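**Student:**
2 protein chains.
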Amino acid sequence: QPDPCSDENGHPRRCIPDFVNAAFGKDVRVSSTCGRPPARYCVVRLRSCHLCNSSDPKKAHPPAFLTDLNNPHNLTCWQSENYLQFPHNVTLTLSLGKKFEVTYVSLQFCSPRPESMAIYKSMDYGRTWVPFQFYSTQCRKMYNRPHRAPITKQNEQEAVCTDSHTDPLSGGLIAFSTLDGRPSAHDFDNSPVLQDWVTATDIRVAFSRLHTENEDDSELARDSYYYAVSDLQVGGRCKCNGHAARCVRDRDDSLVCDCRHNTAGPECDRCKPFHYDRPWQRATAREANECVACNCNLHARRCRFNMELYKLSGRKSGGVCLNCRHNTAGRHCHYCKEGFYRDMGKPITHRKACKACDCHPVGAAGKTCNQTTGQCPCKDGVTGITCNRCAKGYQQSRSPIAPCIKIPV
Amino acid sequence: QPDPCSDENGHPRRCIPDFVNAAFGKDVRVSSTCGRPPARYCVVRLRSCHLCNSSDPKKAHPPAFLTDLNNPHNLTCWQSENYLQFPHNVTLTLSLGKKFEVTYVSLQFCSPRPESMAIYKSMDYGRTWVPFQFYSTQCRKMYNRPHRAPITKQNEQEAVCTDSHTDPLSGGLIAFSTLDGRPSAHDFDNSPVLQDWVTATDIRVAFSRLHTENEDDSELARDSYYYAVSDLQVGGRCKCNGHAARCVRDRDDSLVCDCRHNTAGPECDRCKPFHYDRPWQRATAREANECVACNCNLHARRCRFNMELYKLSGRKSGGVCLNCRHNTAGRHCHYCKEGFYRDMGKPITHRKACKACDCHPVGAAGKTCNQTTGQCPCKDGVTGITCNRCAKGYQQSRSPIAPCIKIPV
Ligand SMILES: *[C@@H]1O[C@H](CO[C@@H]2O[C@@H](C)[C@@H](O)[C@@H](O)[C@@H]2O)[C@@H](O[C@@H]2O[C@H](CO)[C@@H](O)[C@H](O)[C@H]2NC(C)=O)[C@H](O)[C@H]1NC(C)=O
Ligand SMILES: *[C@@H]1O[C@H](CO[C@@H]2O[C@@H](C)[C@@H](O)[C@@H](O)[C@@H]2O)[C@@H](O[C@@H]2O[C@H](CO)[C@@H](O)[C@H](O)[C@H]2NC(C)=O)[C@H](O)[C@H]1NC(C)=O
Ligand SMILES: *[C@@H]1O[C@H](CO)[C@@H](O[C@@H]2O[C@H](CO)[C@@H](O)[C@H](O)[C@H]2NC(C)=O)[C@H](O)[C@H]1NC(C)=O
Ligand SMILES: *[C@@H]1O[C@H](CO)[C@@H](O[C@@H]2O[C@H](CO)[C@@H](O)[C@H](O)[C@H]2NC(C)=O)[C@H](O)[C@H]1NC(C)=O
Ligand SMILES: *[C@@H]1O[C@H](CO)[C@@H](O)[C@H](O)[C@H]1NC(C)=O
Ligand SMILES: *[C@@H]1O[C@H](CO)[C@@H](O)[C@H](O)[C@H]1NC(C)=O
Ligand SMILES: [Sm+3]
Ligand SMILES: [Sm+3]
Ligand SMILES: [Sm+3]
Ligand SMILES: [Sm+3]
Ligand SMILES: [Sm+3]
Ligand SMILES: [Sm+3]
Ligand SMILES: [Sm+3]
Ligand SMILES: [Sm+3]
Numbered sequence: 037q038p039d040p041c042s043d044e045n046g047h048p049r050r051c052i053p054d055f056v057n058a059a060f061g062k063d064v065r066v067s068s069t070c071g072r073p074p075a076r077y078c079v080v087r088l089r090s091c092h093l094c095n096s097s098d099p100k101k102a103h104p105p106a107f108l109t110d111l112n113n114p115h116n117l118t119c120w121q122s123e124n125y126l127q128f129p130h131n132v133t134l135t136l137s138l139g140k141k142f143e144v145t146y147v148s149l150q151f152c153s154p155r156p157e158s159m160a161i162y163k164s165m166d167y168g169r170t171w172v173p174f175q176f177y178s179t180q181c182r183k184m185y186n187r188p189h190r191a192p193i194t195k196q197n198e199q200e201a202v203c204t205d206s207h208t209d212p213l214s215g216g217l218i219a220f221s222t223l224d225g226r227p228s229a230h231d232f233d234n235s236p237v238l239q240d241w242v243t244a245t246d247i248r249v250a251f252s253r254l255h256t260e261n262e263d264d265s266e267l268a269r270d271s272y273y274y275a276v277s278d279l280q281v282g283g284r285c286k287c288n289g290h291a292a293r294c295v296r297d298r299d300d301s302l303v304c305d306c307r308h309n310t311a312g313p314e315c316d317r318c319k320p321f322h323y324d325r326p327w328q329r330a331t332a333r334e335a336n337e338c339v340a341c342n343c344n345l346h347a348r349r350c351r352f353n354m355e356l357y358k359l360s361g362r363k364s365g366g367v368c369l370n371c372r373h374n375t376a377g378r379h380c381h382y383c384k385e386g387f388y389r390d391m392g393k394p395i396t397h398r399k400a401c402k403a404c405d406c407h408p409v410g411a412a413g414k415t416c417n418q419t420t421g422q423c424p425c426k427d428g429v430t431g432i433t434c435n436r437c438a439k440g441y442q443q444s445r446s447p448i449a450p451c452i453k454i455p456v
Numbered sequence: 037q038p039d040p041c042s043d044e045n046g047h048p049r050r051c052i053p054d055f056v057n058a059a060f061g062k063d064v065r066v067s068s069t070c071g072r073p074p075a076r077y078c079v080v087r088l089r090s091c092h093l094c095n096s097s098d099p100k101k102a103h104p105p106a107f108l109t110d111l112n113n114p115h116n117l118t119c120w121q122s123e124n125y126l127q128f129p130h131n132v133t134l135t136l137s138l139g140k141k142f143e144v145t146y147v148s149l150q151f152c153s154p155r156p157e158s159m160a161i162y163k164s165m166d167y168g169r170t171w172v173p174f175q176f177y178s179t180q181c182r183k184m185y186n187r188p189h190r191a192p193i194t195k196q197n198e199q200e201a202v203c204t205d206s207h208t209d212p213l214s215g216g217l218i219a220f221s222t223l224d225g226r227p228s229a230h231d232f233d234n235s236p237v238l239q240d241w242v243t244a245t246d247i248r249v250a251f252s253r254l255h256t260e261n262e263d264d265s266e267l268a269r270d271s272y273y274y275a276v277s278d279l280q281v282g283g284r285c286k287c288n289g290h291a292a293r294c295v296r297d298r299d300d301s302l303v304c305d306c307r308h309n310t311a312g313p314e315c316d317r318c319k320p321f322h323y324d325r326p327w328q329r330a331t332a333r334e335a336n337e338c339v340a341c342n343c344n345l346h347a348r349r350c351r352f353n354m355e356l357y358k359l360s361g362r363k364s365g366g367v368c369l370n371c372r373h374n375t376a377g378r379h380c381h382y383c384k385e386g387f388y389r390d391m392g393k394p395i396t397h398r399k400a401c402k403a404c405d406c407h408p409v410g411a412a413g414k415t416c417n418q419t420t421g422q423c424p425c426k427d428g429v430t431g432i433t434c435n436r437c438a439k440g441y442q443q444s445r446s447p448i449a450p451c452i453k454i455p456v
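Chains A and A' supply the protein sequences, listed in that same order. A prime marks a further copy of an entry chain. Residue numbers 37 to 80, 87 to 209, 212 to 256, 260 to 456, in the deposited numbering, belong to the letters of the first sequence in order. Residue numbers 37 to 80, 87 to 209, 212 to 256, 260 to 456, in the deposited numbering, belong to the letters of the second sequence in order.
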């Protein structure tokens, strides 16, 4: 069970959390639940009505039932409140509290499937919602949607209406594939819009009309106007952009990717401090697109990225250093500032590879060193890096203006 | 009659003024002169006394007579006042008002030569005097001097006493050679002390006892106790140290060498402004020892000499420049100061052969040029003297930190 982000040889490798039913176990918020106050429900010569009493445990159908274990034997099932009018839309809302890549959303009913329902998603933690899938026989009437609309390479963030659900009365499932039907699911791994389509922080499914005049017209309701669902599932992985092997509870229970590849953020959607030599790209299966640290030769704490710099190279590197501290300067603090010179004995990384100009006042003709070698501008007859000694064939005078005069012969 | 200081080829040549009788024509100052009031003088069986009357022109003997033309015929002669006691010293003082190199001092008497006289000189324009020559029979008694003292190579600034004058009564000369007798007159041209010995700004000759008991003891005087001199001469040249062809009247009649060889002063005893590359030596017959101008490549008005500098070379040059003005510096203002660089197009002498560092702010890694070539410290990929253009194989970025990034291939 090795590190999935760490390739063999300690290298980077794209990594994504286990695929899960994110709904499982989690508490779902339903607009209507039978049992409060207790009331009998007929179950349709099929009329065998039983009691839904919320208090009475063995005869209750709470929303908890929606998500717990479902085995055909001793199966368990939530049930909406009864005698629904027509205008109704009964809603189940699920809040993951983290961005997810959802592959499917599936419900299994104990009641007959709705004639109209609609799946929604929140990308924004519950403030606004988006059409995900529509199900109805009368598409244009109920949801104002073309029936079985086509999905071009454009307009493939389209939430379609379909009669697929209409096929049953004793129960049965209706499941929604997010990727199915889209043209660009060939290579989702590098699809910018399908990677956005399959993202949700909350999920909401809203039944809006039941499967019913022959007896008595179309108006008032009866014991059998209710919905029941046994198992809700949203299948998908935690949204980590491939830079994390799992999600996990942060400080203060805000579930978040355990980020890797020198990425940070809740979705690993960015690079980690001082790791800005390369732009944050989402990890594909080909290149793990980790965040490589800029290089400052140990003379800068902070760092910055320039995209031109990246583009101007072979898309190799674009990092930049800030306030080079040890009398260094340059993009990478690579060279020694004016007024100093590269101490060649120390290595550039060393705190003190930049040494100062204690050049000779009389000897040298200037104050500033060569910024590599240290050589000061020697007066005509003086030699040395400091210009602190007369060339051979010259004699030291007491004069500051000119020491080291020519001996002739 | 060409320039004697200017050798053929316009070169330097030692030059000295015409040799002269400096006393000639000049007014002499005598302590005693007969004629005021008129009195008869006996001239010694020789007693043929005539009249000295200062007013009476044809019978006067003023000091003017001492120096004017002297031809044996119609000769002319000054005469001291008469009836001199013994203590007397009668003095003739001559003031040249300029330093001279005197070869001889000669007097010709109409009276009998003194038994004691003494020649003196002033080197200091009349304040103090120095023994030059002594003449007496009683040397130790009169002048307190050894008779015919010898003249070593040392102690050859000695003023000797001699009986040379004693050999006559009707007249006759007594002349004094300054150089005669000295050992170092072989090469006076390069003798430091004989060149000093023969120097005088004033000359004074003092008769102190006459050439007389057989008749009447030794006490009171008679008509014939007087001195008379016909021609006084001091022979010599104007003291120019060989750097001037003649002396001549300055502003305000202060006679002075017309100095040459880039020398100045009254005696040409020094070098002329900004001509201090070589110490002032007196011109010998071998080397004219002119004053060579120091070199400042036209960037300094003033200049100075260092003797160490001269000694440190092959006694070649020792000049130094002051406040190099055109952003130059150095002994000769030879190089360009820091913050500038030698404009190689102009010649060093040009006002503007020092050009400034308008180096590139982004391109170059420093503010200061090479002080010869101008090259600034180029950042890694930039080329140019200003570092104002990217090297080939590099692409200009908008970044100040690093423009001119590597194109790879
Ligand atoms: C069911 O849904 C829509 C609205 O969706 C939600 O309904 C509730 C379950 C609750 O979640 C609300 O916050 C949502 O608005 C119903 O009709 C719409 O709701 C607005 C309420 O602001 C109402 O004014 C309009 O009739 C509708 N607005 C828009 C923009 O369409 C409706 O009852 C059901 N929908 C269908 C298609 O039957
Ligand atoms: C003649 O000379 C000396 C002094 O020389 C000068 O005498 C005058 C002509 C006048 O020029 C003075 O200014 C000079 O001093 C006579 O004796 C000396 O003179 C000083 C006077 O200050 C006197 O006190 C001393 O006797 C002498 N001083 C010294 C230092 O010797 C003297 O009359 C004559 N000399 C001889 C040798 O006979
Ligand atoms: C430091 O010295 C270097 C090396 O001399 C300077 O750059 C060189 O100048 C020579 C001059 O002959 C050229 O031949 C080289 O091509 C240059 N090499 C480079 C620019 O890498 C440089 O200008 C000096 N810099 C400082 C700050 O003194
Ligand atoms: C100006 O540049 C010169 C020439 O590069 C510097 O002196 C030379 O440095 C090189 C380095 O490779 C040596 O090989 C030469 O021997 C040096 N020549 C000299 C000293 O004459 C000099 O230090 C620089 N001066 C300034 C003011 O920038
Ligand atoms: C529902 O069950 C609770 C708990 O036993 C009880 O209080 C209530 O009476 C029941 N209601 C009916 C209608 O049986
Ligand atoms: C000297 O000459 C002047 C001018 O002739 C005269 O005044 C004076 O009397 C003369 N003295 C004697 C003593 O002859
Ligand atoms: Sm590998
Ligand atoms: Sm696993
Ligand atoms: Sm269940
Ligand atoms: Sm009926
Ligand atoms: Sm010649
Ligand atoms: Sm001549
Ligand atoms: Sm005469
Ligand atoms: Sm007698």
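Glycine is no exception: its CB is placed at the ideal position from the N, C-alpha and C atoms.
Hey, could you find the ends of the beta strand (DSSP E) residue 86 of chain A is sitting in?
**Tutor:** Within chain A, residue numbering steps from 80 directly to 87, and residue 86 of chain A belongs to the interval with no atoms modelled.
**Student:** If you measure from each CB to the nearest heavy atom of ligand 10 and keep those under 5 Å, what residues do you get, in chain order?
**Tutor:** Residues close to ligand 10 by the beta carbon criterion (under 5 Å to any non-hydrogen atom) are, from first to last along the chain, A/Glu262, A/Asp263.
**Student:** Could you tell me whether the Cβ atoms of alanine 403 of chain A' and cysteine 434 of chain A' are closer together than 8 Å?
**Tutor:** no
**Student:** Tell me which same chain residues have a C-beta within less than 6 Å of the C-beta of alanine 229 of chain A', skipping the five on either side of it?
**Tutor:** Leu223
**Student:** For a contact defined as C-beta to C-beta under 9 Å, what are the partners of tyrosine 382 of chain A' on chain A?
**Tutor:** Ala412, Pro424, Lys426, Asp427
**Student:** Rounded to the nearest angstrom, how far is the Cβ of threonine 118 of chain A' from that of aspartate 233 of chain A', given a contact under 8 Å?
**Tutor:** In this structure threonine 118 of chain A' is not in contact with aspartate 233 of chain A', their Cβ atoms being roughly 38 Å apart against a cut-off of 8 Å.
**Student:** Give every residue whose Cβ lies closer than 5 Å to any heavy atom of ligand 1, listed in chain order.
**Tutor:** For ligand 1, residues qualifying as neighbours are A/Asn131, A/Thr133, A/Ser252, where qualification means a beta carbon closer than 5 Å to at least one of its heavy atoms (chain order).
**Student:** Using a Cβ-Cβ cut-off of 8 Å, state whether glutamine 37 of chain A' counts as contacting chain A.
**Tutor:** Not closer than 8 Å to any Cβ of chain A, the Cβ of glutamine 37 of chain A' fails to qualify, so no.
**Student:** Checking contacts by CB at 8 Å: is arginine 378 of chain A closer than that to chain A'?
**Tutor:** By this cut-off, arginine 378 of chain A is an interface position.
**Student:** Could you work out which residue in A/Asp166, A/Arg76, A/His346 is closest to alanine 102 of chain A when comparing CA atoms only?
**Tutor:** A/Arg76
**Student:** Quick check on DSSP: helix, strand or coil for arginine 65 of chain A?
**Tutor:** In the structure shown, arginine 65 of chain A falls within a strand segment according to DSSP collapsed to helix, strand and coil.
**Student:** Using a C-beta to C-beta distance shorter than 9 Å, which residues of chain A' count as neighbours of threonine 415 of chain A?
**Tutor:** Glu385, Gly413, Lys414, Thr415
**Student:** Using only Cβ atoms and a threshold of 5 Å, which residues come within that distance of a heavy atom of ligand 3? Order them by chain position.
**Tutor:** A/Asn417, A/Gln418, A'/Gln422, A'/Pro424
**Student:** Closer than 7 Å from C-beta to any heavy atom of ligand 11: which residues, in chain order?
**Tutor:** A'/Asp43, A'/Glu44, A'/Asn45, A'/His47
**Student:** Roughly how many whole angstroms lie between the Cα atoms of residue 459 of chain A' and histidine 290 of chain A'?
**Tutor:** Missing from the structure shown is residue 459 of chain A'; chain A' here goes from 37 to 456 and no further.
**Student:** Below 8 Å on the Cβ atoms is my guess for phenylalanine 174 of chain A' versus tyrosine 162 of chain A'; work out the distance and round it to an integer in Å.
**Tutor:** 6 Å
**Student:** Using a Cβ-Cβ cut-off of 8 Å, state whether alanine 438 of chain A' counts as contacting chain A.
**Tutor:** no
**Student:** Quick check: does the Cβ of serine 97 of chain A come within less than 7 Å of any heavy atom belonging to ligand 5?
**Tutor:** Because some heavy atom of ligand 5 lies under 7 Å away, the Cβ of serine 97 of chain A counts as near it: yes.
**Student:** Can you tell me the Cα-Cα spacing of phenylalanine 251 of chain A and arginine 155 of chain A, whole angstroms?
**Tutor:** 9 Å
**Student:** So with Cβ pairs under 8 Å, would you call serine 444 of chain A a contact of chain A'?
**Tutor:** yes
**Student:** Does any C-beta atom of chain A lie closer than 8 Å to the C-beta of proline 455 of chain A'?
**Tutor:** yes
**Student:** Examine ligand 13 and report whether any of its heavy atoms sits within less than 7 Å of the Cβ of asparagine 116 of chain A'.
**Tutor:** Distance from the C-beta of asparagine 116 of chain A' to the nearest heavy atom of ligand 13 is not below 7 Å.
**Student:** Hey, is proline 74 of chain A' close to ligand 6, as in C-beta under 7 Å from one of its heavy atoms?
**Tutor:** yes
**Student:** Along the stretch 335 to 362 of chain A, where does the CB come closer than 8 Å to a CB of chain A'? Name the residues.
**Tutor:** Taking 8 Å as the cut-off between beta carbons, the residues of the stretch 335 to 362 of chain A near chain A' are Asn353, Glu355, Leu356, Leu359, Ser360, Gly361, in sequence order.
**Student:** With DSSP collapsed to three states, give me the class of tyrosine 272 of chain A'.
**Tutor:** The answer is coil: DSSP assigns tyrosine 272 of chain A' none of H, G, I, E or B.
**Student:** Determine, using beta carbons only, whether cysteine 350 of chain A and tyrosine 388 of chain A come nearer to each other than 8 Å.
**Tutor:** no
**Student:** Does DSSP put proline 99 of chain A in a helix, in a strand, or in coil?
**Tutor:** helix
**Student:** Taking CB distances under 8 Å as the criterion, tell me whether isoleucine 448 of chain A reaches chain A'.
**Tutor:** Yes, contact with chain A'.
**Student:** Would you mind reading off the limits of the alpha helix (DSSP H) that contains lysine 358 of chain A?
**Tutor:** 354 to 359
**Student:** Give the range of the alpha helix (DSSP H) segment to which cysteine 181 of chain A' is assigned.
**Tutor:** Where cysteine 181 of chain A' is concerned, the enclosing alpha helix (DSSP H) stretches over 181 to 184.
**Student:** Within a Cβ cutoff of 8 Å, which residues of the same chain sit near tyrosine 146 of chain A, ignoring the five residues on either side of it in sequence?
**Tutor:** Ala219, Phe220, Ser221, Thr222, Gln280, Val281, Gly282, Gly283
**Student:** Got a sec: does ligand 8 put a non-hydrogen atom nearer than 7 Å to the Cβ of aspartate 54 of chain A?
**Tutor:** yes
**Student:** Assess contact between the stretch 369 to 384 of chain A and the stretch 340 to 348 of chain A, defined as three or more Cβ pairs (one per stretch) separated by less than 8 Å. Is contact present?
**Tutor:** yes
**Student:** Which chain A' residues sit within Cβ distance under 7 Å of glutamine 418 of chain A?
**Tutor:** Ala412, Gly413, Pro424
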